[PDB]
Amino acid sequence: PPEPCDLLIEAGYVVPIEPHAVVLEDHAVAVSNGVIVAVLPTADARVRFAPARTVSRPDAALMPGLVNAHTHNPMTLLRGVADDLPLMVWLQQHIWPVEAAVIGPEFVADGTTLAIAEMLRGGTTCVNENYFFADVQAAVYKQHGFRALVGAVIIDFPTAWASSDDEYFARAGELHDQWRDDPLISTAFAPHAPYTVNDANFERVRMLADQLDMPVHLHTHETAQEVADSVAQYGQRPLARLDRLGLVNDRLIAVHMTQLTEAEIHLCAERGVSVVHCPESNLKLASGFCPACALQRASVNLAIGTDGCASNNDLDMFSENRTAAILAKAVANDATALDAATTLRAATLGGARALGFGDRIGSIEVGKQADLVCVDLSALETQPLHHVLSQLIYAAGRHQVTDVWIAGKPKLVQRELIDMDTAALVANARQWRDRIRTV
C-alpha cells in the first residue's frame, strides 16, 4: 500500500546540484509540508507514494529555484530610465534625483511586487535584497510566499528611510526582531558602500551583526575609482580598510568585486567570504571584470546576481548565468572556466550559501525546502538535447520556465502566476512611468 505525500512532481530530468554535474533522467521529487521527502526514479516513486496531487512534466528539467544574490528590486519601476550614460551622470543626474522624488512605502511595495512577478516567471525563487524600506519589502515578499534575505540599509546620508545613524540602526534592529525565526524571510545588514559608510558605522555593523547573528551585504571593489578614492582618503585599498575594521569574515557578502588581487582572493577563501558576481551590470556600467574563474578555483563561494533594472535592465537569471559563464572564459583566457555545471551551481547552491540558506535551499536533497523550477526543454530552442546542463546555461531562455514552487507552494503554474494579476501589475507600472516623467 502506497505511502502518502502531499505532492509528487515527475519530470524528464532532475538536476539535483548535489551531487555535482549529475543529471537524473526520468526521476520524481516527493514533497510534504513544503519539504523535499524523496528524490528517486519515477517508476520507483509511483510504487512508493500515494501523492495527494501529482505534477507530470515529462519534457522538462526540474532544478532548484535560482537564487538572485543581489537585487535592488523597487528599481524595476526605473527600467531603462537612464541608459548609455557614464556612472556619475547616471547616478547624480538621473538615479538619485528620481529616487529622491519617488522613494517611499508605495514605490517600494509596487516595485518589489513587480519584481516578484518577473522573478517567478523566470524561475528565480529567492533574493538577496538591498533597498530602503526593507520593512515593506519583507512584508511584501512574505505575503507572496517568496524567499528573501532582506537587507537593512546603513549609509552616512539622510534619506526618507532614516535621517540619522541612530535611525538607520533602529530600523535595522526593528527589522531583525520582526523577522527572527521566520521560515521565508531572514535579515542582513546592508551597509551601502565603503565610500558612503564611515568607520564608526562600519564598527557598529560589525558589532550588531555578531550580536544579532546577521550577514553583512556590501558593494565592494565595484570600480577603479572606488579603489583610488579609498587610497586617497584612507591610505589603503577598501578591502584592506574593511579587514582592519573587522568586516572580512564568514558573514561578508561582497558584491561586484571587479577590482581584485590574488592576496584578496585567498583572503576571501580563508575567511569564508562570499562574492556575488553581477556581470551584466558590471559590463553595462563599465565597472570592470570580476575574476570569477579565479575566485571559483580558489574555493571562494561564488554567487550570481542581476543588480537593478536601471543597469541590466532585466531580472533574468538565465541570461545572467550565461553572461557569467561566457565572460568568465574570456576574462580568464581559458575556455574551461566556469563550466555549465559550475555556473548552475553558483546560481543555486552558491547563492544559497551566500545568503546563509545553504542548509535549506539550493539543491534537491531530502530535508531541504521545496523551492523548485520546471524548465520546458522540448522547445525547439533547446533541441536537440545533447547535454542538459549545457542547455540550461547556454541555450534555455527564461520564458521556458513553466512551473515554480516555493516551500512546495505553487507560484507559477503553466506560466500562470498564482494570486498575481499581470494586467494590474502593468497598469501600475504605467502610472509610475508617468510620475517619474514629471520629475
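Throughout, we count residues from 1 along the sequence that is shown.
K.L.:
Where do the C-alpha atoms have the higher mean temperature factor in this entry, in 50-58 or in 372-380?
P.N.:
Taking the mean B-factor of the alpha carbons in each, 50-58 is higher.
K.L.:
May I ask you to compare 151-159 and 268-276 by their mean CA B factor in the entry and name the higher one?
P.N.:
It is 268-276.
K.L.:
Choose from 282, 124, 225, 321 the residue with the greatest Cα B-factor as stated in the PDB record.
P.N.:
That would be 225, according to the entry.
K.L.:
Report the option among 86, 111, 145, 80 whose CA atom has the maximum B-factor in the deposited record.
P.N.:
The listed residue with the largest C-alpha B-factor is 86.
K.L.:
Against its chain's modelled residues, does residue 171's Cα B factor rank lowest, middle or highest third?
P.N.:
According to the entry, residue 171 has a C-alpha B-factor in the chain's middle third.
K.L.:
Taking the entry's C-alpha B-factors for this chain, is residue 397 in the lowest, middle or highest third?
P.N.:
Within its chain, residue 397 is a lowest-third residue by C-alpha B-factor, going by the deposited values.
K.L.:
Is the Cα B-factor recorded for residue 196 in the lowest, middle or highest third of its chain?
P.N.:
Middle third, going by the recorded CA B-factors of the chain.
K.L.:
Would you mind ranking residue 135 by its C-alpha B-factor against the rest of the chain and naming the third, lowest, middle or highest?
P.N.:
For residue 135, whose C-alpha B-factor we compare with every modelled residue in the chain, the answer is the middle third.
K.L.:
Ranked by Cα temperature factor within the chain, is residue 231 in the lowest third, the middle third or the highest third?
P.N.:
CA B-factor rank for residue 231: highest third.
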